[PDB]
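Okay, so here's the structure we're looking at.
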Amino acid sequence: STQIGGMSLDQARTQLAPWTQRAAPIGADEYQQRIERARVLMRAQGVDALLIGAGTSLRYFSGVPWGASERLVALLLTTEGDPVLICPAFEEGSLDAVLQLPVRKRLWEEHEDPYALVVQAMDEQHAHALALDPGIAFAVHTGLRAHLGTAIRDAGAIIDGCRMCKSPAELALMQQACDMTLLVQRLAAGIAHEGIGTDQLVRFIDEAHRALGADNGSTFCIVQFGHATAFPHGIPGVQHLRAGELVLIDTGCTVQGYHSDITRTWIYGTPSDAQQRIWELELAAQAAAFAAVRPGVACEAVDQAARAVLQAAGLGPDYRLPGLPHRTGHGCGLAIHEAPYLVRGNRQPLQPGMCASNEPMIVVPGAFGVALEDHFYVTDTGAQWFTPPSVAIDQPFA
Amino acid sequence: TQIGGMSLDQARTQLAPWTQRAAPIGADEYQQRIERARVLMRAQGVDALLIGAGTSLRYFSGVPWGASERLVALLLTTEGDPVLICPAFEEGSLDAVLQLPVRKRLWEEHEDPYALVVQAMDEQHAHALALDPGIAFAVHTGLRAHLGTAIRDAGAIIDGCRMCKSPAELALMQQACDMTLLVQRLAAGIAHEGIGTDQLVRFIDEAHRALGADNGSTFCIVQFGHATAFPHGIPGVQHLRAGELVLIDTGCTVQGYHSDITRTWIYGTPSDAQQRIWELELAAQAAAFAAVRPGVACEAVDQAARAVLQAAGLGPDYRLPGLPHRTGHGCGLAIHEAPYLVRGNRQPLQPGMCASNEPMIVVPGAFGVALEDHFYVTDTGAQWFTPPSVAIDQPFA
Ligand SMILES: [Zn+2]
Ligand SMILES: [Zn+2]
Ligand SMILES: [Zn+2]
Ligand SMILES: [Zn+2]
Ligand SMILES: [Zn+2]
Ligand SMILES: [Zn+2]
Ligand SMILES: [Zn+2]
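Chains A and B are the protein sequences, given in the same order. Each residue of the first sequence is one higher than the one before, starting from 2 at the first, in PDB author numbering. Each residue of the second sequence is one higher than the one before, starting from 3 at the first, in PDB author numbering.
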C-alpha cells in the first residue's frame, strides 16, 4: 500500500527535475527515408502525387509541427525531386525555422488560390493521380476539385504504410514520453488523499509533465473517481475523492511529437470484493492481449484474446456489459490515435516496429470501470511493453 | 504606469472568478439554429446535412468534443429530429453534453458508421448531401464509399448560420473578451527586466483559469524585441530587455466562444521608428473599424487598413514593411471562422457578424507592431468588444 496516498505536494515536486538522457530528435536522413518509403507505397498504389496537410503527417514527413488551420500548409510529394511545400507567404520565416526536409517552397498571398498552386505543381511534373491526406479538411478536396478533374485517392494506405512501423529513433522518443508519464502517474497516486479534487490532480499532472520536460504539458488528461470510472472518456463535473472509490487516470504527453498514453486504475482505501474481482480480470485481459502479439498475427486476434478472457469469466460476450464496450487498443505515434487498430474486423497483420495501446477496459454499468493501459511495440519474435503493467488494485506500478 | 510596477502577488489579488457571467446558450436557440440550417439547405437544393464533431457540432447540438478517427456526427434532413451518429460506448458521455433532441444511431467498433449516415438518408429519401468542410477528408472517403451521388460542400449553409451572432452569443464572447483584456492588463503589469516569455505565458494561462475561462489560455503568443516581427512567432524562450517591444496575442473561451486580443507595448524607452510604426498601426486599425457598416465588403475593410499604410509610404499590397497578411478573421465558437477580412472576399458585413481587426505591421529585421481587438457589426456601424490601445506605452484605454 506504499504507492497510493503517502506523499505531499512539494514532496512530489522534489522528483520533478527535467528528464535526463533525453532521446535524440529525428535526423535529416530519417526524414528522407520516410519520403522514399512514401514513394514506394505511392508506386504500389498507382499514385504519382501525394498531398500531406499540416498536422501529424506533415510533421512526420517534413518536421513542421504546426496544427492545421483554414490556410493551406501542405507538402506535395511527387515521384522525383524535392517535394513542394505550399505555404502562406507571410509564414515563410516561421516555416524555414522548423523545416527538417529540403523542399521547393510555393508561397501564396492571402487572396491567392493555394489549391491552384497544388495542381500547377502537379502539371509541372505531369502528375495526374493524386492521393489526398485523410486527415486534411474536406474543404481542401472542394478547393482541389475546382482545378482537378481526375480521381482523388485517399492517402490513408500510404500514410499508414509509412507511419505504422516505428524506427528505433521513434521508439526511443516514445519510450521517453512513456517513462515520463509513468512517473507522473506514480506521483499522482502518491499525492492522492481524501477530499482531493479531480481538477487538482489534472492540474498537478499538467504541472508534472511540464516540469519533466514534455513538449506542452499534458496532451490530455482524464481523471474520474468512484462511479464516474464507468465512463471510458469521462463526463463533465469536478469530483472529490472518498475512501472506497476507484481512481482512473488516463493521461500522456509528447516528446518531439511522439505520444505517451497510459491509464492506471487503483483503489483509494479498501476495495470491495466486486472491485477486486474486476480489477484482477482487467489485468488478465490485458495480459492475454499482450501474449497474443507477434509478427503475422491479425490485429483483431489481439482484441479477441482480451475478449476471450472476459467471456471465460462470464462477462461479454462481444461488447455486452459488464464487459469491454470498445476496442482493445489503438496505434500510437505522432498521433495519439493512429493505425493499426486493435479492433474486431481488422485483419492487418502486425509487423515489427508497430506500436499500439493495450487497454481492454471493463465497464460494470452503474458501478465502476477498470482500465489498465500500457503500450507495446512489436519485435521480431513477439512484443515489448513500453511500460510494465500494474501488479495489483493497490499496486498500480510494477 | 500600465506597464510594470505590479508584483505577481498583487496581480493575483485581481484574479477572483468572473462575476456577471453571460448565460449559456438555451435549448430554444439550438432549435433556432437547426431551423436556420434547414432553410439554408432548402435555399441550396440540399436535403441532407452532415455536421462533424468540432465547433459546428457544438453550434448545432451543444456537444463540445474534438474530432477523432471515430465518426461522431449530426445528420440534418428536411424534417424530424436530426440523427446523431456516435460510437455505442460513448452514449453515456454523449447524453451528459447533448443540448438538442436527436435520434441516436449508435455503431459498435467494427461497424461502418458511414453506412448509418446513408441508411438514414435513404429512409428519408434524401439524395443531396452537403458535407461539413471542417470534417476530415476520411469522412468524404467513407461517405463516397456508399454514395454515387453528388456530395456538396456545406460551407455556405454553416456560415449562413454562424456568421451572425445572437445576443446570447455576443454576451459570451463579450465575457471572454473582458476576461482576456484584464489578463492582458495584468500581464503588462508584472512585466519587468529579465522576465521570460515562458513566464508570461504561464501567468496568462493561470490568470485565464482563475477568472473562470473554459480551459485556461486557448493559445498564447508572447514575443520580445526583434521577435515581434514574426506574426505567429518562432521557437525559443526570450528574456525581457529595456527598449524592447512586447507583443502578446492570447485568448480564452467561455462556453466555447472565443476571445482573441493582441497588445504590443514598449518596455522602457521606444525608438523613433517604434513610435512611428506604433502610431501607424493604431491608425490602420482605426481606419478598418471606421470602414465597417452593413453592406461593406470584407475586402473593403482590409483595403481601408492597407490604404492607411500605403499613404504613409509602406506596402503596397503585402510588401514589407507593411501588412503581410489579412486584416482580420471572423470569430465565434472557432478562433478563425467566416467572414475573413481579406482581399477578394466580397462578402458584405451584416449586423451581428464578428471579426478581428489586427492589421499588424512587420518591419523586417527590426520589430512588428500588432494591435488586435474584435468588433461586431451593428445596424449602422460597428461595436468594439474591447477598446483599442491609446499609445505605445498605454496599451489600455
Ligand atoms: Zn470520447
Ligand atoms: Zn489512454
Ligand atoms: Zn489509449
Ligand atoms: Zn481517437
Ligand atoms: Zn502560424
Ligand atoms: Zn490574436
Ligand atoms: Zn486574431
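Yeah, the Cβ is synthetic: ideal placement off N, Cα and C, and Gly gets one too.
- request: Consider the Cβ of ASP155(B): report whether some Cβ of chain A lies at a distance smaller than 7 Å.
  value: On the second sequence, position 153 is the one that residue 155(B) refers to. Chain A contact via Cβ: present.
message: Less than 6 Å between C-beta atoms, sequence neighbours within five positions excluded: which residues of the same chain meet that for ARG187(B)?
response: Here residue 187(B) is taken as the residue at index 185 of the second sequence, counted from 1. If we look at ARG187(B) and ignore the five residues flanking it on each side, its Cβ neighbours are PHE398.
Proximity winner among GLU360(A), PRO84(A) and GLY297(A), relative to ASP381(A) (alpha-carbon distances): Reading the first sequence from its first residue, position 380 is the one you call residue 381(A). The candidate whose alpha carbon is nearest that of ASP381(A) is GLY297(A).
- prompt: Does DSSP put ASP395(A) in a helix, in a strand, or in coil?
  reply: Here residue 395(A) corresponds to residue number 394 of the first sequence, with the count starting at 1. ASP395(A) falls in the coil class under three-state DSSP.
- prompt: Among all the DSSP beta bridges, which residues are the ones paired with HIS376(A)?
  reply: As a working note, residue 376(A) is residue 375 in the first sequence. Its beta-bridge partners are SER358(A).
field: Contacting residues, own chain, Cβ-Cβ under 6 Å from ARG211(B) (five flanking each side not counted)
entry: Counting from 1 along the second sequence, the entry for residue 211(B) is found at position 209. Cβ neighbours of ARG211(B) beyond the five flanking positions: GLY218.
query: If you measure from the CB of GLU374(A), is any heavy atom of ligand 2 nearer than 6 Å?
result: Reading the first sequence from its first residue, position 373 is the one you call residue 374(A). It does: the Cβ of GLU374(A) is within 6 Å (strictly closer) of some heavy atom of ligand 2.
query: How should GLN177(B) be labelled, buried or exposed, when 16 other C-beta atoms within 10 angstroms of its C-beta is the threshold for buried?
result: For the purposes of this step, residue 177(B) is identified with residue 175 of the second sequence, where counting begins at 1. Buried: at least 16 other Cβ atoms inside 10 Å.
- request: Quick one: residues in its chain with C-beta nearer than 6 Å to the C-beta of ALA173(A), no 5 flanking neighbours on either side, listed in chain order?
  value: Indexing the first sequence from 1 puts residue 173(A) at position 172. The answer, listed in chain order, is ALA24.
message: Against chain A, with Cβ distances strictly below 7 Å, would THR264(B) count as a contact?
response: The residue you call residue 264(B) lines up with position 262 of the second sequence. No, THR264(B) lies away from the interface with chain A (no Cβ there is under 7 Å from its Cβ).
Within 8 Å of chain A by C-beta, residues of the segment 91-120 of chain B in sequence order: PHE91, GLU92, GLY94, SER95, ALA98, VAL99, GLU110, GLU111 and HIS112
Buried or exposed by the 16-neighbour rule on C-beta atoms within 10 Å, applied to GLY68(B): As a position in the second sequence, residue 68(B) is number 66, starting the count at 1. Result: exposed.
- prompt: Around the C-beta of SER261(B), are 16 or more other C-beta atoms found within 10 angstroms, so that it is buried, or is it exposed?
  reply: The residue labelled residue 261(B) in the question sits at position 259 within the second sequence. Buried: at least 16 other Cβ atoms inside 10 Å.
query: The alpha helix (DSSP H) with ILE223(A) in it runs from where to where?
result: One-based indexing of the first sequence puts residue 223(A) at position 222. Not the alpha helix (DSSP H): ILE223(A) falls in the beta strand (DSSP E), residues 221-226.
- request: State buried or exposed for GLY253(B), treating a residue as buried only when at least 16 other CB atoms are found within 10 Å of its CB.
  value: Numbered from its first residue, the second sequence carries residue 253(B) at position 251. Buried is the call here.
task: Check each candidate in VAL239(A), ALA231(A) and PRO237(A) and name the one with the smallest Cα separation from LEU249(A).
output: Taking the first residue of the first sequence as 1, we reach residue 249(A) at position 248. Of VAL239(A), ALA231(A) and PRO237(A), the residue nearest in Cα terms is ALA231(A).
query: Any chance the CB of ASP251(A) is under 6 Å from a heavy atom of ligand 2?
result: Counting from one through the first sequence, the residue named residue 251(A) turns up at place 250. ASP251(A): yes, Cβ under 6 Å from ligand 2.
query: Where do the N-terminal and C-terminal ends of the alpha helix (DSSP H) with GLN4(B) fall, by residue?
result: For this step, residue 4(B) is matched to residue 2 along the second sequence. Neither: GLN4(B) is in no alpha helix (DSSP H) and is coded neither H nor E.
message: Check this for me: beta carbons of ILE206(B) and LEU10(B), under 7 Å apart or not?
response: In the second sequence, the residue the question calls residue 206(B) occupies position 204. In the second sequence, the residue the question calls residue 10(B) occupies position 8. Not in contact: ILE206(B) and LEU10(B) (Cβ atoms no closer than 7 Å).
field: Selection from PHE139(B), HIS129(B) and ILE394(B) that minimises the alpha carbon distance to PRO272(B)
entry: The sequence position of residue 272(B) within the second sequence is 270, counting from 1. Among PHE139(B), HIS129(B) and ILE394(B), the Cα nearest to that of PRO272(B) is on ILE394(B).
task: Hey, could you find the ends of the alpha helix (DSSP H) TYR116(B) is sitting in?
output: The count along the second sequence starts at 1 and reaches residue 116(B) at position 114. 115-125 is the span of the alpha helix (DSSP H), which, as asked, contains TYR116(B).
- prompt: Would a check of beta-carbon distances place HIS194(B) closer than 7 Å to chain A?
  reply: Position 192 of the second sequence, counted from the first residue, corresponds to residue 194(B). No, its Cβ sits nowhere closer than 7 Å to a Cβ of chain A.
query: If you measure beta-carbon to beta-carbon, which residues of the segment 308-339 of chain A are closer than 7 Å to chain B?
result: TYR320, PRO326, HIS327, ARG328 and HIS338
- request: Using the Cα positions of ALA292(B) and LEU52(B), report the straight-line distance between them to the nearest angstrom.
  value: Here the question's residue 292(B) lines up with position 290 in the second sequence. Here the question's residue 52(B) lines up with position 50 in the second sequence. If I take the Cα positions, the gap works out to 38 Å.
task: Measure the CB-CB distance between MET181(A) and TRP20(A) and report whether it falls below 7 Å.
output: As a position in the first sequence, residue 181(A) is number 180, starting the count at 1. As a position in the first sequence, residue 20(A) is number 19, starting the count at 1. Against a cut-off of 7 Å, the Cβ pair of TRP20(A) and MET181(A) comes out as a contact.
message: Does the contact criterion of 3 or more C-beta pairs under 8 Å hold for the segment 146-166 of chain B versus the segment 323-343 of chain B?
response: Short answer: they touch.
field: Residues near residue 1(A) in its chain [Cβ-Cβ closer than 6 Å; skip 5 each side]
entry: Lying outside 2 to 399, the shown extent of chain A, residue 1(A) is not represented and no answer is given.
Within chain B, partners of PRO361(A) - CB distance below 7 Å: Sequence index remark: in the first sequence, residue 361(A) carries index 360 (1-based). Going along chain B, no residue has its Cβ under 7 Å from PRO361(A), so there is no contact; the nearest lies around 12 Å.
field: Contact set for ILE137(B): own chain, Cβ-Cβ below 7 Å, skip 5 residues either direction
entry: Position 135 of the second sequence, counting from 1, holds the residue named residue 137(B). These residues qualify, in order along the chain: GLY54.
query: Alpha carbon to alpha carbon, what distance is there between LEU133(B) and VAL48(B)?
result: Locating residue 48(B) in the second sequence gives position 46, counting from the first residue. Locating residue 133(B) in the second sequence gives position 131, counting from the first residue. Roughly 10 Å separates the two Cα atoms.
task: For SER70(B), I'd like the list of residues in its chain whose CB is within less than 8 Å of its CB, leaving aside the five on either flank, ordered along the chain.
output: Position 68 of the second sequence, counted from the start, is the residue given in the question as residue 70(B). Counting only Cβ-Cβ distances below 8 Å, and skipping sequence neighbours, we find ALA55.
message: Is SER70(B) a contact residue of ligand 4, with contact defined as CB to any heavy atom under 6 Å?
response: Indexing the second sequence from 1 puts residue 70(B) at position 68. Indeed, a heavy atom of ligand 4 lies less than 6 Å from the Cβ.
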